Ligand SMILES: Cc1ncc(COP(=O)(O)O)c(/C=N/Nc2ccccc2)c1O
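One chain is shown next in C-alpha cells, namely the form solved without this ligand.
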C-alpha cells in the first residue's frame, strides 16, 4: 500500500530518493523502453513472457540491459519482498541513459517501480466500453519527443484506428478482437510477437474450441460482428459495447467475451499453480 522502495540500476532506493540526473536521454529525447505487469499471490504473472518482451524491446533500440534475465528476475522478487506486497503493478524502465554529450548512449539506466494493483484491474464489467474509430493519418519535428497520448476523450474512453479508410489498426494500448455471428474470433496479426495477454487469450479461445483468425480486419467487419473486446495487461479481457454509432448486442458483454474472461482468469490460476 505504502510503497517504500524502487530499484535503480540494481540498488534498492527509498521512493523519496529515486531520481535521475537530467543528462539521462529519456529526459532529453524520450529515448527509452518499458514494460508493465501485475503480481498476484507474491508472483509476477507470466513473468518469463514479460521479461522476454523487455529484452526484445531493448534490442529494437540497441540498448543493452545491464543484467541478464535471471538477475532481473531476482531483483523484481527482492523488490516485492522489500515492499512487503503480494499484489502489485510492476513497471520496468530502461532509459537511453546518462550521456556525456547529450546524444550518445553509453550506459542505459534501469528502473524497477512498484504500485498498488490497479483498482480497475480486471474489473470485467458487464457494461461494455464505448470507443471511436479514428484515421491512422507534428509531421515529424525533432522538438516533440512524445505513444501519441493526446486524444481529447471525444465521448469515448478509447479508440481504434482506420488506415487508408479501409483497415482497422490497433492502438498501442490494447489488442482488438471481433466475435462473428458464427463464433469465429478475429484479431490482427501485426502485434503477434508483442501481446502477452493477447497470446494467453488466443490460447484459451482455441482450447475452448473457437477458431481464431489472425489477419487484417476490414472496417466493414465492424458492421457484421456480434461482439468486440480489448485485451491488455490491466484490462484482462474487456467488453466493448459501442464503436462510434454501433452498439454491440445491447451494449453489455457478449457470450464469448464473457467465457474468455473466465478462461483468462483460469490461465492466471494455472500460471500461479506452477509458482
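C-alpha atoms forming the largest set that superposes within 1.5 Å between two forms make up the rigid core. Numbering follows the first chain given and starts at 1.
FYI, the form deposited with this ligand bound isn't displayed, but the following is about it.
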Is the gap between residue 275 and this ligand in the deposited complex 4.5 Å or less for some heavy atom pair?
-> no
Does this ligand come within 4.5 Å of any heavy atom of residue 268 in the deposited complex?
-> yes
Would residue 233 count as touching this ligand in the deposited complex under a 4.5 Å heavy atom rule?
-> yes
State yes or no: in the deposited complex, is some non-hydrogen atom of residue 98 no more than 4.5 angstroms from a non-hydrogen atom of this ligand?
-> no
Looking at 233 to 241, 57 to 65, 207 to 215, 220 to 228, which one sits within 4.5 Å of this ligand in the deposited complex if you count heavy atoms only?
-> 233 to 241
Go through 151, 126, 78, 121 and name the one with a heavy atom inside 4.5 Å of this ligand in the deposited complex.
-> 121
Which residue moves between this form and the one not shown, judged by a Cα shift of 2 Å or more on the rigid core: 190, 203, 163, 116?
-> 190
Using the core for the fit, does the CA position of residue 84 change by 2 Å or more between this form and the one not shown?
-> no
Residue shift check between this form and the one not shown, rigid core fit, residue 153 Cα at least 2 Å | yes
Per the comparison in the deposited complex, the residue 61 and residue 192 C-alpha atoms (change 3 Å or more) are positioned closer
Your call: residue 192 and residue 56 CA atoms, closer or farther in the deposited complex versus the shown structure, by 3 Å or more?
-> closer
